[PDB]
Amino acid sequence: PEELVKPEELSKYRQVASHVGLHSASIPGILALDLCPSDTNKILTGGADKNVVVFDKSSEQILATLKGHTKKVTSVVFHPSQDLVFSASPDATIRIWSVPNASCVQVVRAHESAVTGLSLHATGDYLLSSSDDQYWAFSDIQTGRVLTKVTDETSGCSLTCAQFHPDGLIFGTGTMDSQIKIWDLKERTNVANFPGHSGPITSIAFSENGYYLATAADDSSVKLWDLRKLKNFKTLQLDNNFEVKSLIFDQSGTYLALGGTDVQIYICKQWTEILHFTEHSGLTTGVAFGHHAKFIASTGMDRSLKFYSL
């Protein structure tokens, strides 16, 4: 892709903005981040303040402050239609919102305890969720109906994150007992399990190349899996104090970002570190790539949404 920002140019990025007014000053912190895939200048954040916010990077305006969650917001997903956004929370709900009406259109109650992960299906019509209640669920966006809800009797433990593979046939759920469980959506079956981590899985990310999966856990490692071989071919081991809270590949699969203790970006081809930011004070809760990796975005417990670019 001619437009993609290459490593030499990416390596020169610096903080270009830091916005602290998206969420409440008295209940400080942003806990979740997503960018709209059809326009990455539209930003979605979940707050410690229980609110979901849509913000325009270009105009630097809050387009909507979406209220209704009764606990902090820990997952957010931006639909490509631009007018739908999704959130989830320790209040055990998944909420579907209209941006233009600044309203909640559905409250999906698939779970009995905190919802730990949220992922939009390839079709754009369904949401996958994971929970501490040990189940995953697949829910219809338009009716809020829970279409299926499944757990592993054998594993029987809290699911800590969930992501669809980009083709929309399989997905992964991380567990509290350090497993990455791969599921076949159609058959509702657990088709493989990737062990090797220690401690709770914290984040998983599927690459757009369709064959890489990156996983992180409390063992302060990021493990890379080739789904064709079902093997862990590379592990990035950080220090044992480091918390990896968020993983994401850029849209091209060229780069992998991690965030938590701080923000780091690796080149997938050579697994070389290409950017490292330590601007946030305290935990970084989200990281994302703008279109063509033309900017990076991050969110922090320090209240800020930061953009990094030339």
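Quick note: we count residues from 1 along the sequence shown, nothing fancier.
Take the C-alpha B-factors listed in the entry for 41-49 and for 54-62, compute each mean, and give the stretch with the larger one. Looking at the recorded C-alpha B-factors, 54-62 comes out higher on average.
Of 298-306 and 6-14, the stretch whose C-alpha atoms average the higher B-factor in the entry: Averaging CA B-factors over each stretch, the winner is 6-14.
Going by the deposited entry, which of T189, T160, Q106, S119 has the highest CA temperature factor? It is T189.
Can you tell me which of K231, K72, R95, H79 has the maximum CA B-factor listed in the PDB entry? Highest CA B-factor of the listed options: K231.
For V263, the third of its chain into which the C-alpha B factor falls: Lowest third.
Position of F277 among the chain's modelled residues by C-alpha B-factor, lowest, middle or highest third: For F277, whose C-alpha B-factor we compare with every modelled residue in the chain, the answer is the lowest third.
Can you tell me whether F138 has a C-alpha B-factor in the lowest, middle or highest third compared with the other modelled residues of the same chain? Middle third by C-alpha B-factor.
Where the record places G253 (Cα B-factor, split into thirds across the chain): According to the entry, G253 has a C-alpha B-factor in the chain's highest third.
Could you look up the Cα B-factor of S246 in the entry and say which third of the chain it sits in: lowest, middle or highest? Its C-alpha B-factor, which the entry lists for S246, ranks in the middle third among residues of this chain.
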